[PDB]
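In the form deposited in one PDB entry, a lone chain appears below as structure tokens.
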């Protein structure tokens, strides 16, 4: 990690964000004039700060990843109190906020945006990296003011390189979005991201959250038992192909769940014939419900 003062290389401005042991400022690199985001992460052994091990794992994954749909790490600095990630400036806001500004969305147009999400995940999974926190607030746009906005997956704070010879178990993430193996403290791997893609998709089409209960206890029980329905109220204009794609992801047994590669060949994403393309063209997002959803931190432990 770079030992120089980040201020010698960057001018820093306004706060873009803050979470528990971090703050994000917009910054401009002095030698090039280009803008980035600088995330200052408080170093911890002490119940304040992020552990060295977690900081290093997240940085080691960011340094590896280079793909148009995943946020890029520029440089990393360190002083006595922080680690500072200089990151690509991802300034278009959340995908669902952007989609909720539109009047309508066919299933065909929704798959367009989903496909960029699938391609970023396809790349991560091909490097044996599980993201482990896929949910709408981690799916952003690079710049909303262009003909075809680019999706960026962000926030690799929970990402792990999958180790063939050693099971990984942990309890983390947001209850609405975590796979049953996370709720049951079972072996975790790439499949958990696939389940969360199923949840993002179900919400994208309906504006409803599939497993959400009135309490945290109920949500977790719903997740663990895979207890969800496609209610007519929300899903009466959704194609059978959509619902099949979701059904193939929201699967208790991780070995039976569709993989990223399968997902990208699914006929709802890649129709094999005219009939399938027409079925997709005839269905559309429940935009009135989806707008309420977009207009509405939360942790497993």
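Positions refer to the first chain, counted from 1. Note that the rigid core is defined as the largest set of C-alphas that superpose within 1.5 Å between two forms.
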| field | residue 103 unmodelled in at least a third of other compared entries | value | yes
| Would you class the number of unmodelled deposited residues between residue 57 and residue 58 as none, 1 to 3, 4 to 9, or 10 or more? | none
| 219-227 or 119-127, whichever carries the higher mean Cα B-factor | 219-227
| Stretch exceeding the other in mean C-alpha B-factor - 15-23, 277-285 | 15-23
| query | Looking at 174, 184, 201, 106, which has the highest CA B-factor as recorded? | reply | 106
| field | Third of chain Cα B-factors occupied by residue 253 | value | middle
| query | Is the Cα B-factor recorded for residue 268 in the lowest, middle or highest third of its chain? | reply | middle
| said: Quick check for you: using the entry's CA B-factors within this chain, is residue 158 in the lowest, middle or highest third? | reply: lowest
| said: How does the C-alpha B factor of residue 148 compare with the rest of the chain: lowest, middle or highest third? | reply: middle
| task | Could you say whether, by C-alpha temperature factor, residue 259 belongs to the lowest, middle or highest third of its chain? | result | lowest
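Just so it is clear, the following notes concern the form solved in complex with a small molecule, a form of the same protein that is not shown.
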| query | Can you check whether residue 200 is within 4.5 Å of the small molecule in the deposited bound form, heavy atom basis? | reply | no
| Proximity of residue 87 to the small molecule in the deposited bound form, heavy atoms at 4.5 Å | yes
| Are any of the heavy atoms in residue 13 no more than 4.5 Å from a heavy atom of the small molecule in the deposited bound form? | no
| task | With heavy atoms only and a cut-off of 4.5 Å, decide whether residue 109 touches the small molecule in the deposited bound form. | result | no
| note | Answer among 227-235, 190-198, 211-219, 149-157 for heavy atoms within 4.5 Å of the small molecule in the deposited bound form: the stretch 149-157
| task | Answer with one of 71, 129, 182, 117: the residue that has a non-hydrogen atom within 4.5 Å of the small molecule in the deposited bound form. | result | 71
| query | C-alpha of residue 167: shift of 2 angstroms or more between the shown form and the other one, rigid core aligned? | reply | yes
